[PDB]
Amino acid sequence: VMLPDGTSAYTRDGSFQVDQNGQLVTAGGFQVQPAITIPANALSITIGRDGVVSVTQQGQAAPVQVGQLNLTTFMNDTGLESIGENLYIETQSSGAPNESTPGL
Amino acid sequence: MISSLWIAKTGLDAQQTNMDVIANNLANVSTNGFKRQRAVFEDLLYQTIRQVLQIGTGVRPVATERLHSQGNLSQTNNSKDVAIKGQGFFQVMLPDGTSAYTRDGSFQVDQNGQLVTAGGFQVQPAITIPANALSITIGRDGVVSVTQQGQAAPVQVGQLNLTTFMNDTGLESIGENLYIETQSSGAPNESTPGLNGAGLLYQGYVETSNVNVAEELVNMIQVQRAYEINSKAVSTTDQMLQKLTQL
Amino acid sequence: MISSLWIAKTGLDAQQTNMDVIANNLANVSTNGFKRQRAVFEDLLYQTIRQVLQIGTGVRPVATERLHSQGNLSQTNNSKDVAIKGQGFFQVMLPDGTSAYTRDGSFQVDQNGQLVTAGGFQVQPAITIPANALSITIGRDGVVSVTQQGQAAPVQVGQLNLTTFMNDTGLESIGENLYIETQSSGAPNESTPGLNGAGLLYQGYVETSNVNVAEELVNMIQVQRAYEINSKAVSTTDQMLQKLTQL
Amino acid sequence: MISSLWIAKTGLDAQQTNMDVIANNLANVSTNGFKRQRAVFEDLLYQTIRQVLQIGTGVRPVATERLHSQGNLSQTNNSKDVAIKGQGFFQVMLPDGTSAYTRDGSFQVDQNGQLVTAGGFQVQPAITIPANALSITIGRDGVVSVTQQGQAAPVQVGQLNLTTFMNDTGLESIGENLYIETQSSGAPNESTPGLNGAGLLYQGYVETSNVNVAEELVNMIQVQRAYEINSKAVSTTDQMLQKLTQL
Numbered sequence: 010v011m012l013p014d015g016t017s018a019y020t021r022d023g024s025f026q027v028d029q030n031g032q033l034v035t036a037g038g039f040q041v042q043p044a045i046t047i048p049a050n051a052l053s054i055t056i057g058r059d060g061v062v063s064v065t066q067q068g069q070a071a072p073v074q075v076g077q078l079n080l081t082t083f084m085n086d087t088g089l090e091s092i093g094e095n096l097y098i099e100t101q102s103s104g105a106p107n108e109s110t111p112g113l
Numbered sequence: 139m140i141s142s143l144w145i146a147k148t149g150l151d152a153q154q155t156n157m158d159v160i161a162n163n164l165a166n167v168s169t170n171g172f173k174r175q176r177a178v179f180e181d182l183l184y185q186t187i188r189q190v191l192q193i194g195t196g197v198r199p200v201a202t203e204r205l206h207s208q209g210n211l212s213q214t215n216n217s218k219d220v221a222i223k224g225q226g227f228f229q230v231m232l233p234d235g236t237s238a239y240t241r242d243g244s245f246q247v248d249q250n251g252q253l254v255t256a257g258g259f260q261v262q263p264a265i266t267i268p269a270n271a272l273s274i275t276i277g278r279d280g281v282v283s284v285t286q287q288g289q290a291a292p293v294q295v296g297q298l299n300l301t302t303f304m305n306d307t308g309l310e311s312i313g314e315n316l317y318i319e320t321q322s323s324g325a326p327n328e329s330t331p332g333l334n335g336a337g338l339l340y341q342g343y344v345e346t347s348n349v350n351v352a353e354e355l356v357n358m359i360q361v362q363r364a365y366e367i368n369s370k371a372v373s374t375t376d377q378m379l380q381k382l383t384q385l
Numbered sequence: 139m140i141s142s143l144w145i146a147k148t149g150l151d152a153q154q155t156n157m158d159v160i161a162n163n164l165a166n167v168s169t170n171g172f173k174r175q176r177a178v179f180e181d182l183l184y185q186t187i188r189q190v191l192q193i194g195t196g197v198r199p200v201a202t203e204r205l206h207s208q209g210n211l212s213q214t215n216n217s218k219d220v221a222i223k224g225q226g227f228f229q230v231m232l233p234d235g236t237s238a239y240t241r242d243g244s245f246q247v248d249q250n251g252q253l254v255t256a257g258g259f260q261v262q263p264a265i266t267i268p269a270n271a272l273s274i275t276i277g278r279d280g281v282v283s284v285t286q287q288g289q290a291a292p293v294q295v296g297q298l299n300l301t302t303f304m305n306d307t308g309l310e311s312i313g314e315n316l317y318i319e320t321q322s323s324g325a326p327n328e329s330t331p332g333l334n335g336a337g338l339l340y341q342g343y344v345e346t347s348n349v350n351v352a353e354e355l356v357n358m359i360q361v362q363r364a365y366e367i368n369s370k371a372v373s374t375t376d377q378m379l380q381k382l383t384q385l
Numbered sequence: 139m140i141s142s143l144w145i146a147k148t149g150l151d152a153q154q155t156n157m158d159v160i161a162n163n164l165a166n167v168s169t170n171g172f173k174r175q176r177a178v179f180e181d182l183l184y185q186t187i188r189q190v191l192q193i194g195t196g197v198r199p200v201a202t203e204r205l206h207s208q209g210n211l212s213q214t215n216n217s218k219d220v221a222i223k224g225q226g227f228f229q230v231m232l233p234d235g236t237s238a239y240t241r242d243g244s245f246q247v248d249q250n251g252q253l254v255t256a257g258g259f260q261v262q263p264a265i266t267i268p269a270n271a272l273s274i275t276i277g278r279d280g281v282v283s284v285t286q287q288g289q290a291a292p293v294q295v296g297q298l299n300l301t302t303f304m305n306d307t308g309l310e311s312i313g314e315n316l317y318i319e320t321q322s323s324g325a326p327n328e329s330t331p332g333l334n335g336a337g338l339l340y341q342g343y344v345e346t347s348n349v350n351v352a353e354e355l356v357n358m359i360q361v362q363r364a365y366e367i368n369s370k371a372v373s374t375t376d377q378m379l380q381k382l383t384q385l
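Protein chains in written order, with my numbering: chain A, 10 to 113; chain B, 139 to 385; chain C, 139 to 385; chain D, 139 to 385.
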C-alpha cells in the first residue's frame, strides 16, 4: 500500500476504505499499490483470490476486473519493522521485495 | 441472532396471514357472485458476496390474489333474481351518485317506484317500476319486457347493458359484494349482453361464491402445521438464546 | 488462548450461519418454483511444520448451495396458472427494461391490455390481451391459442419460448422468486418448450418449493445442539481463563 | 467506567421501556376502536474527533408511535352499537363542556332523555331520545331516522357528522378510549359521513383493538432476552469492577 508521502508500505490488513475522490485506500485514507478507483454503481464486490477485483457494476452483469493486485515477498521478515499501526517498509535486513502473483 | 429473529418473524407473519386468508376464505360461502383470494409466498432480493456466495432474504406473501371463477349457483325462480351465465358485470348506482358493479340476484323497488337493489341501491340505467305490471318477463339482454294490467304485451320498461373490463383483479369489493372501477380494474364497456364477454340474463336465479372448502381445509391444516413448525423454530432459537445467556 | 478464541469463534459463526440457513429454509414453503439452499462446512489450509506435524485450521461454511429440484405442485385450474413439467425457465420483462426468469404460475393483465405477471411485470415476448377473448386455450409450447368472441378458432395471440442455461446455481433470486442471468448462471437459450431441456406448459397449475421440513427440522435440532456444544466449549475455555486469571 | 455505566443504563431503560410498551400493548385487546403504540430505538449525536475517529452515543427509544389501523370487529346487532367502516371519528361532548373523539359502539340514554354514551357522556350534536320511539333505524350518515309509536315514518330525530383530522398521531387517548384535538392532531372537520375520509354508520356493530399478539409475544420474548443480555453486560462490567477493585 502507498503511504501518502509517496513511499510504499507493507502489512497484513483486513480493513480497506474509499476516499472522497473514489480511490481505494485503507486504514482511513492510505492508498493501495497499485491504486484502484472505486465507482459508485459497483453493486457487488466479487474479489478474485489473486488480486482480481472483479466487481459487478449496475447495468453491467459481469465480474468487471476493476483492479489487479500482487503480493510482495521478502527474504528475512525479521528485518521488516512495524512503522506505525501495523505497517511495514523494506529495510536492509528485510530482504528483497517481489510482488509475485498471489498463490505462488 | 437478529437473523433468526427476523426470519422467524417473517415466517410467523407469513403463516399468520395465510391462516387469516384461508380463514376469511372459508366463511364466505353463499356470498353472491364471489371470487376468492389467496396469498402467494415469494422471496426478496438475495445478497451475493462473491461469484456463488449469497445470503438470501424473503418468504413474503405478496398480496391476496383473486380467482375469477363462476362458483355454485341456485335455482331460486323469482323475477327479482337474475343470474348471468358466463361473464359480464352489473352496473348499479350508489346513492351518492357514483356507480357500482356486482354479480347480484336480488333487486327491489323503493317507496317511489324506482328499480333499486340490496335494499335501496338504484340500477344503472334507472327503471321506474309500476304497480299494474303483473308479470315480469325479462329479456336475456336487459329487455325488461313486463306486461301491465290491461296491456297484453311485453312492454319493455327498461333496457340494460353489461359492463366489461380488462383486469378484474383491479376491481375491489367495496362493501356487500359491490365493485367499482379502479386503476388496475380495466376500462369499462357497457356492451350489449351476450357479446364482448358479456353473458345473458337468467331470470329466477343467483350466482354465488367459488369457495372450495375441503382443499382449503387441507390448506388450513397445513398452515396450522407450518405455524407450529415456525413455533418450533422460535423454540429452538430461544433455547439457544437461554442456553447462551446461561453462557 | 487466541487459538481456542478463534476456534470457538468460527464454530460459533458456522453453527449460527447454519441455524440461519435452515431457519430461512423452513419458512419458504409455498414459494413458487423454489430451489432451496444449504451451507457446506469445509476446512482451511493446514500448517505442517515437519514431515507429520501439522496445525490444522478451518471449519468454514463455504456458501449456501442451491438444490435445483422440482418440489410440490398444486392443481389450481386457472388459465392464468401455468406450471412447467420438468425444467425450462420463464422469461419476463422487468419494468426498467431488463429481463427476468422464474418458475411462476400467476400472470395478469394491466390496465392497457398487455400480458404481465405478479401485479404488472410484462412477459417476454409481450402479448396484448383483448377483452372479447372468451376462452384461453394455451398450447403446451407457448401457443396462446385463445378463442375470441365471434371468432370460433384457437387464435394464437402469442408465442412463448423457454430459456435454458448452463449452471442454474449462478442464477440468483432477485426479488419475489425472480432470476436474472449472472456470470455463473450459464448461457441463455430461449428454445422451443419441449426440447433442449425445456418442459411444456401445464395450464391450470403452479410449481412450488422443494422444502423438506422434517429432515431439516432434525437439522435444526442438531444445529441447536452443536451450537450448545460450542457454547460448552466456550464455557470450558472461559473456565480455564478465569481459573488462570485467578492464578 | 462511566462509559459502560451509562451505556448499560440506557440499554437497561430502553429494554425496560420496550418491555412495558409491549406489556401494555398485549393487555389492551377488546378495547374499542383502539390503535396500538410502539417505541423506536434511535441513537444520539456521535462525537467525531478526527476525519473517521468518532465516539458514538445513543440507543434511545424516541416515543411510543401509534398504528392507526382498523382492528378486529364483532357482529353485536344492537341499535346502540354503531361501528364505522373505514375512517372518520365520532364527536361527543364531555360533561365539562369540552368535546371528545372516539371510535365507540356503546351509547345510552340519560334520565332526562338525551342521547349520551359510555354511561352519561353526551353526543355532539345532542339528540333527545323519546320513549315512544319503537324502532331505531339509523341512517348510514348520521340520519337517526327512528319510528315513533303512532308515527309510521323514519322520523329523523338527529343528524350526525364525522370529524376528520390531519395527523391522528397527535390525538391522545384521554381516558376510556376518548380523544381530543391537540396541536399535532390536525384540523377538525365534521364532514358528512361517507366523504372526506369519513366512513358510514354500521348499526349493530363495534370496532375494536388492532392488537396482534403472537408477533408481539415474539417481541416480548426477544425484549426479555435482550434485557437478560444487557444484564450479562452489566455482569461483565461489574466483574471487571470487582476484579479491578481487587487490584
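C-beta: ideal position from N, C-alpha, C; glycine also.
Assigned with DSSP and collapsed to three states, B:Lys223 falls in strand.
C:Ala161: member of the alpha helix (DSSP H) spanning 140–162, first to last residue. Under the three-state reduction of DSSP output, B:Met231 falls in the strand class.
In the same chain as D:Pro233, and ignoring 5 residues on each side of it, the C-beta atoms closer than 8 Å to its own belong to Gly258, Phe259, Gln260, in chain order. Three or more Cβ pairs drawn from the stretch 336–348 of chain C and the stretch 199–210 of chain C lie within less than 8 Å of each other, which places the two stretches in contact. DSSP lists B:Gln213 as the beta-bridge partner residues of B:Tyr343.
Between the C-alpha atoms of A:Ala70 and B:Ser311 there is a straight-line separation of about 43 Å.
C:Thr375 is the residue among C:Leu385, C:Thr375, C:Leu382, C:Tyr184 whose C-alpha sits nearest the C-alpha of C:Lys147. Counting along the chain, C:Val178 sits inside the beta strand (DSSP E) bounded by residues 177–179. In this structure, C:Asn315 lies near C:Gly171, with their beta-carbon atoms less than 8 Å apart.
Between A:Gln42 and A:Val10, the C-beta spacing is below 8 Å. Annotation: Cβ neighbours of D:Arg363 in chain B (cutoff 8 Å, chain order): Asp376, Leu379, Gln380, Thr383. If you draw a 10 Å sphere on the C-beta of B:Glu203, you find 16 or more other C-beta atoms in it, and that means buried.
Rounded to whole angstroms, the gap between the alpha carbons of C:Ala336 and D:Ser323 is 60 Å. For B:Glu203, the C-beta contacts it makes with chain C under 7 Å involve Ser244, in order along the chain. The beta carbon of C:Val351 sits closer than 8 Å to some beta carbon of chain B. Taking the C-beta atoms as reference points, B:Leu272 is found nearer than 8 Å to B:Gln286.
Distance from the CA atom of B:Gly296 to the CA atom of B:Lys173, rounded to whole angstroms, is 29 Å.
Taken through DSSP and simplified to helix, strand or coil, B:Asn357 comes out as helix. Annotation for C:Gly332: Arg278, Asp279, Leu338 place their beta carbon closer than 8 Å to its own, counting only its chain and skipping 5 residues before and after. For B:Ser283, the enclosing beta strand (DSSP E) starts and ends at 283–286.
For the 8 Å CB-CB criterion, C:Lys223 and C:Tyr340 form a contact. For D:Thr275, there is no enclosing beta strand (DSSP E), as DSSP marks it with neither H nor E. Residues of the stretch 64–98 of chain A with a C-beta less than 9 Å from any C-beta of chain C: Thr65, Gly68, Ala70, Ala71, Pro72, listed in chain order. At least one beta carbon of chain A lies nearer than 8 Å to the beta carbon of C:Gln321. Listed in chain order, the beta strand (DSSP E) elements of length 3 or more contained wholly in the stretch 290–347 of chain B are 300–302, 327–329, 338–341, 343–345.
Below the 8 Å Cβ cutoff, chain D contributes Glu353, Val356 as neighbours of B:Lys147, in chain order.
Chain A has no Cβ within less than 8 Å of the Cβ of B:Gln175. The same chain holds no residue with a CB closer than 6 Å to that of B:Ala256 once the five nearest residues on each side in sequence are set aside. Residues of the stretch 177–199 of chain B with a C-beta atom less than 7 Å from some C-beta of chain A are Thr186, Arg188, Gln189, listed in chain order. For C:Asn299, same chain residues with a beta-carbon under 7 Å away, outside a window of 5 residues either side, are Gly280, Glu328, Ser329, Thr330, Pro331 in chain order. Of D:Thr240, D:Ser373, D:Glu319, the smallest CA-CA separation from D:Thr169 is found for D:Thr240. Only buried fits C:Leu164, as 16 or more other CB atoms lie within 10 angstroms of its CB. Taking C-beta atoms as the reference points, B:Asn156 and B:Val361 count as a pair closer than 8 Å. Taking every protein chain shown into account, the CB of C:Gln153 has 16 or more other CB atoms within 10 angstroms, so this residue is buried. Within chain C, the residues whose beta carbon sits less than 9 Å from that of B:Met139 are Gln154, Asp158, listed in sequence order.
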